[PDB]
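Enquirer: Okay, here's the structure, questions in a sec.
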Amino acid sequence: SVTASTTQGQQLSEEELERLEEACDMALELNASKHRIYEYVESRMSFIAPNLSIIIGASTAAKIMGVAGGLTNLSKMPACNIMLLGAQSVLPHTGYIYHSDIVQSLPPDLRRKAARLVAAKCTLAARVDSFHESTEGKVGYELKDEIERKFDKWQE
RNA sequence: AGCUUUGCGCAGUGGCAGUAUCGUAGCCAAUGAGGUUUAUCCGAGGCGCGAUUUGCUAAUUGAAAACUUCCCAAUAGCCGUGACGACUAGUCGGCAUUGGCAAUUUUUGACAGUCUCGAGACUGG
């Protein structure tokens, strides 16, 4: 309001205002579509791979389940490849679980090691939901408590 | 029967030893430590804290450097002299101590160097 009192800006057209209006309307369409996709992918990924979704987050769980080629290919991958799963001058030897929110929830030098912590345990989680045990996700909850317990252990 | 591999133990030669060797009871660690190289790859301990027995010998200071001393008194050659003694003023033997013992015959150095085949020669300017 303070800088709308002094804008130094000229008015738009009617075509310019309606062009910006439909641009903002399709932008809200893209935002609501993104959140609809997010809700569906978290629901169906908590059904398909509950423990991996609990550890990493179900969108990144779906990304590393897809680029590996499903759960039954994600299990028989080691922990040192699921770290680099989704890789490609921005950061090297990084996968989809380096740019996760739970691996960016810490200082920038605390990052790489944390990737190896989230890659290993979720690999266990991936193996745990390659067979259909722990459908409620208790292995994911226990391992995720272990993850952020180690994160709080490293932090001050 | 011989050869031989791997791990461990013992001893020995040699090498290394504070960017070395360990402890860790605190935490983490193959359910993955730690990764800038080659990363759909590698794979072992890591971070902190804390360390760096025993016998022998030398040397120094110190009065004393840790295994059951100092001090006084006396005892442990010959020419003269004094007595005692012996033998005829003289001689001899032993004992004793109240002066002396580097000037040719002795005990305060004619010795030292050299040369020749047990024996001699040369020099000491």
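Note on naming: chains are A, B, ... as they come in the structure tokens, residues start from 1 per chain, ligands start from 1 in the order shown.
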What are the nearest atom pairs, with distances in Å to one decimal, for all residues of chain B that come at most 12 Å from chain A, using only C-alpha atoms (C1' of nucleotides), set out by chain and rising residue number as a tab-separated table?

Expert:
```
residue	atom	partner	partner_atom	distance
B:27	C1'	A:153	CA	9.0
B:28	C1'	A:150	CA	8.8
B:29	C1'	A:117	CA	11.7
B:30	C1'	A:120	CA	11.2
B:31	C1'	A:124	CA	7.2
B:32	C1'	A:120	CA	7.4
B:33	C1'	A:113	CA	10.6
B:34	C1'	A:113	CA	8.8
B:35	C1'	A:113	CA	9.5
B:36	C1'	A:92	CA	9.2
B:38	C1'	A:93	CA	11.9
B:39	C1'	A:93	CA	5.6
B:40	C1'	A:81	CA	4.8
B:41	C1'	A:80	CA	8.0
B:42	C1'	A:80	CA	9.1
B:43	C1'	A:80	CA	10.1
B:47	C1'	A:154	CA	10.5
```

Enquirer: Show which residues sit within 10 Å of residue 100 (chain A), as a list in words. Count only C-alpha atoms (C1' of nucleotides), and ignore same-chain residues fewer than 2 positions away.

Expert: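 Returned residues: residues 56, 57, 59, 60, 61, 95, 96, 97, 98, 102, 103, 104, 105, 115 and 118 of chain A.
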
Enquirer: Save the residues we just selected, N, CA and C atoms, as a PDB file, in the first residue's frame?

Expert:
```pdb
ATOM      1  N   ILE A  56      11.846 -40.640   2.780  1.00  0.00           N
ATOM      2  CA  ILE A  56      12.386 -39.585   1.933  1.00  0.00           C
ATOM      3  C   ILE A  56      11.336 -38.512   1.703  1.00  0.00           C
ATOM      4  N   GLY A  57      10.084 -38.929   1.611  1.00  0.00           N
ATOM      5  CA  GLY A  57       9.048 -38.075   1.080  1.00  0.00           C
ATOM      6  C   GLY A  57       8.549 -38.721  -0.188  1.00  0.00           C
ATOM      7  N   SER A  59       7.125 -37.956  -3.008  1.00  0.00           N
ATOM      8  CA  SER A  59       7.436 -37.504  -4.358  1.00  0.00           C
ATOM      9  C   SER A  59       8.838 -37.933  -4.770  1.00  0.00           C
ATOM     10  N   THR A  60       9.817 -37.756  -3.883  1.00  0.00           N
ATOM     11  CA  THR A  60      11.164 -38.229  -4.177  1.00  0.00           C
ATOM     12  C   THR A  60      11.221 -39.752  -4.165  1.00  0.00           C
ATOM     13  N   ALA A  61      10.374 -40.380  -3.349  1.00  0.00           N
ATOM     14  CA  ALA A  61      10.248 -41.831  -3.364  1.00  0.00           C
ATOM     15  C   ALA A  61       9.754 -42.324  -4.711  1.00  0.00           C
ATOM     16  N   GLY A  95      22.127 -37.316  -6.401  1.00  0.00           N
ATOM     17  CA  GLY A  95      20.956 -37.913  -6.972  1.00  0.00           C
ATOM     18  C   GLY A  95      19.698 -37.153  -6.622  1.00  0.00           C
ATOM     19  N   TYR A  96      18.570 -37.843  -6.740  1.00  0.00           N
ATOM     20  CA  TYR A  96      17.304 -37.243  -6.361  1.00  0.00           C
ATOM     21  C   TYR A  96      17.169 -37.088  -4.856  1.00  0.00           C
ATOM     22  N   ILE A  97      17.932 -37.849  -4.080  1.00  0.00           N
ATOM     23  CA  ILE A  97      17.885 -37.771  -2.634  1.00  0.00           C
ATOM     24  C   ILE A  97      19.038 -36.940  -2.080  1.00  0.00           C
ATOM     25  N   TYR A  98      19.680 -36.139  -2.920  1.00  0.00           N
ATOM     26  CA  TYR A  98      20.467 -35.022  -2.419  1.00  0.00           C
ATOM     27  C   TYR A  98      19.662 -33.736  -2.422  1.00  0.00           C
ATOM     28  N   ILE A 102      14.580 -33.233   3.161  1.00  0.00           N
ATOM     29  CA  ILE A 102      15.143 -33.718   4.412  1.00  0.00           C
ATOM     30  C   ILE A 102      16.665 -33.794   4.362  1.00  0.00           C
ATOM     31  N   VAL A 103      17.253 -33.663   3.177  1.00  0.00           N
ATOM     32  CA  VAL A 103      18.699 -33.605   3.033  1.00  0.00           C
ATOM     33  C   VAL A 103      19.155 -32.154   2.877  1.00  0.00           C
ATOM     34  N   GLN A 104      18.240 -31.239   2.565  1.00  0.00           N
ATOM     35  CA  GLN A 104      18.532 -29.812   2.577  1.00  0.00           C
ATOM     36  C   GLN A 104      18.134 -29.140   3.884  1.00  0.00           C
ATOM     37  N   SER A 105      17.738 -29.910   4.898  1.00  0.00           N
ATOM     38  CA  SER A 105      17.293 -29.372   6.183  1.00  0.00           C
ATOM     39  C   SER A 105      18.434 -29.281   7.188  1.00  0.00           C
ATOM     40  N   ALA A 115      23.375 -37.504   2.673  1.00  0.00           N
ATOM     41  CA  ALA A 115      22.885 -38.259   1.527  1.00  0.00           C
ATOM     42  C   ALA A 115      23.163 -39.739   1.705  1.00  0.00           C
ATOM     43  N   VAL A 118      20.728 -41.111   4.128  1.00  0.00           N
ATOM     44  CA  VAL A 118      19.363 -41.298   3.656  1.00  0.00           C
ATOM     45  C   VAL A 118      19.323 -42.313   2.530  1.00  0.00           C
TER      46      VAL A 118
END
```

Enquirer: Quick check, in Å to one decimal: how far apart do CA of residue 54 (chain A) and CA of residue 107 (chain A) lie?

Expert: 22.3 Å

Enquirer: What does the distance between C1' of residue 25 (chain B) and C1' of residue 52 (chain B) come to in Å, to one decimal place?

Expert: 19.3 Å

Enquirer: Could you give me the residues within region 51-152 of chain A that DSSP places in alpha helix (DSSP H), as a ChimeraX atom specification?

Expert: /A:51-56,58-68,71-74,79-82,111-128,138-152

Enquirer: Write the residues of the selection above to a file with C-alpha atoms, as a compact mmCIF listing (two decimals), in the first residue's frame.

Expert:
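What ended up in selection.txt:
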```
# COMPACT_ATOMS: atom_id res chain seq x y z
CA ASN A 51 8.49 -47.04 4.09
CA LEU A 52 10.41 -45.27 1.31
CA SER A 53 7.75 -42.56 1.22
CA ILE A 54 7.97 -42.16 4.98
CA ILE A 55 11.76 -41.81 4.92
CA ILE A 56 12.39 -39.59 1.93
CA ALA A 58 6.66 -39.70 -1.35
CA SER A 59 7.44 -37.50 -4.36
CA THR A 60 11.16 -38.23 -4.18
CA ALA A 61 10.25 -41.83 -3.36
CA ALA A 62 8.29 -41.99 -6.61
CA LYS A 63 11.16 -40.37 -8.53
CA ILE A 64 13.76 -42.86 -7.33
CA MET A 65 11.28 -45.71 -7.77
CA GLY A 66 10.69 -44.66 -11.35
CA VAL A 67 14.18 -43.97 -12.60
CA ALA A 68 15.38 -47.23 -11.04
CA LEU A 71 10.43 -51.43 -6.38
CA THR A 72 11.76 -54.84 -7.38
CA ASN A 73 14.62 -53.12 -9.20
CA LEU A 74 15.06 -50.61 -6.37
CA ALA A 79 23.02 -48.15 -1.18
CA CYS A 80 25.83 -46.56 -3.18
CA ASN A 81 23.71 -46.42 -6.34
CA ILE A 82 20.44 -45.19 -4.84
CA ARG A 111 24.86 -32.40 3.14
CA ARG A 112 26.88 -35.08 1.32
CA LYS A 113 27.30 -37.41 4.31
CA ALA A 114 23.58 -36.99 5.05
CA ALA A 115 22.89 -38.26 1.53
CA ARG A 116 24.75 -41.47 2.36
CA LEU A 117 22.66 -41.70 5.50
CA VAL A 118 19.36 -41.30 3.66
CA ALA A 119 20.45 -43.47 0.73
CA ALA A 120 21.35 -46.44 2.90
CA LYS A 121 18.36 -46.56 5.24
CA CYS A 122 15.80 -45.90 2.52
CA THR A 123 17.49 -48.70 0.55
CA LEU A 124 16.67 -50.90 3.54
CA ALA A 125 13.17 -49.44 3.43
CA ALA A 126 13.07 -50.17 -0.30
CA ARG A 127 14.04 -53.77 0.37
CA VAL A 128 11.51 -53.85 3.21
CA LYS A 138 6.66 -49.04 11.17
CA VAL A 139 10.04 -49.78 9.57
CA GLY A 140 9.87 -46.40 7.87
CA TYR A 141 8.97 -44.65 11.13
CA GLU A 142 11.76 -46.41 13.05
CA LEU A 143 14.35 -45.73 10.36
CA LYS A 144 13.26 -42.10 9.98
CA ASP A 145 13.56 -41.58 13.73
CA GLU A 146 17.06 -43.05 13.33
CA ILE A 147 17.83 -40.64 10.44
CA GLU A 148 16.88 -37.44 12.21
CA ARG A 149 18.30 -38.75 15.49
CA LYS A 150 21.67 -38.89 13.69
CA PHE A 151 20.93 -35.47 12.16
CA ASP A 152 20.35 -33.96 15.61
```

Enquirer: List as a PyMOL selection string the protein and nucleic acid residues near region 104-120 of chain B, meaning an atom at most 12 Å away when only C-alpha atoms (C1' of nucleotides) are counted, but skip any in the same chain fewer than 3 places from it.

Expert: chain B and resi 77-78+101+123-124

Enquirer: At a cut-off of 12 Å, using only C-alpha atoms (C1' of nucleotides), what residues contact region 14-20 of chain B? Leave out same-chain residues fewer than 2 positions from it and give the result as a PyMOL selection string.

Expert: chain B and resi 12+22+51-52

Enquirer: Those same residues, written as a PDB file, in the first residue's frame with N, CA and C atoms (P, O5', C5', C4', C3', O3' and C1' of nucleotides)?

Expert:
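After the write, out-v9.pdb holds the following:
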```
ATOM      1  P     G B  12      64.957 -62.766  20.899  1.00  0.00           P
ATOM      2  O5'   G B  12      65.650 -62.879  19.476  1.00  0.00           O
ATOM      3  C5'   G B  12      66.769 -63.728  19.294  1.00  0.00           C
ATOM      4  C4'   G B  12      67.210 -63.765  17.858  1.00  0.00           C
ATOM      5  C3'   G B  12      67.411 -62.418  17.199  1.00  0.00           C
ATOM      6  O3'   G B  12      68.660 -61.842  17.519  1.00  0.00           O
ATOM      7  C1'   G B  12      66.191 -63.830  15.760  1.00  0.00           C
ATOM      8  P     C B  22      49.476 -50.080  16.649  1.00  0.00           P
ATOM      9  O5'   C B  22      48.598 -49.033  17.453  1.00  0.00           O
ATOM     10  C5'   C B  22      47.519 -49.459  18.260  1.00  0.00           C
ATOM     11  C4'   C B  22      47.716 -49.079  19.704  1.00  0.00           C
ATOM     12  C3'   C B  22      46.439 -48.845  20.481  1.00  0.00           C
ATOM     13  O3'   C B  22      45.847 -50.051  20.917  1.00  0.00           O
ATOM     14  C1'   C B  22      47.955 -47.085  20.918  1.00  0.00           C
ATOM     15  P     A B  51      47.079 -36.587  28.381  1.00  0.00           P
ATOM     16  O5'   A B  51      47.987 -37.637  29.161  1.00  0.00           O
ATOM     17  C5'   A B  51      49.111 -38.239  28.537  1.00  0.00           C
ATOM     18  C4'   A B  51      48.881 -39.710  28.294  1.00  0.00           C
ATOM     19  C3'   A B  51      50.089 -40.503  27.826  1.00  0.00           C
ATOM     20  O3'   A B  51      50.916 -40.910  28.901  1.00  0.00           O
ATOM     21  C1'   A B  51      48.191 -41.058  26.511  1.00  0.00           C
ATOM     22  P     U B  52      52.799 -38.058  27.599  1.00  0.00           P
ATOM     23  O5'   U B  52      53.987 -39.112  27.463  1.00  0.00           O
ATOM     24  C5'   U B  52      54.050 -40.253  28.305  1.00  0.00           C
ATOM     25  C4'   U B  52      54.217 -41.515  27.499  1.00  0.00           C
ATOM     26  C3'   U B  52      55.277 -41.460  26.412  1.00  0.00           C
ATOM     27  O3'   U B  52      56.586 -41.684  26.907  1.00  0.00           O
ATOM     28  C1'   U B  52      53.287 -42.380  25.526  1.00  0.00           C
TER      29        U B  52
END
```
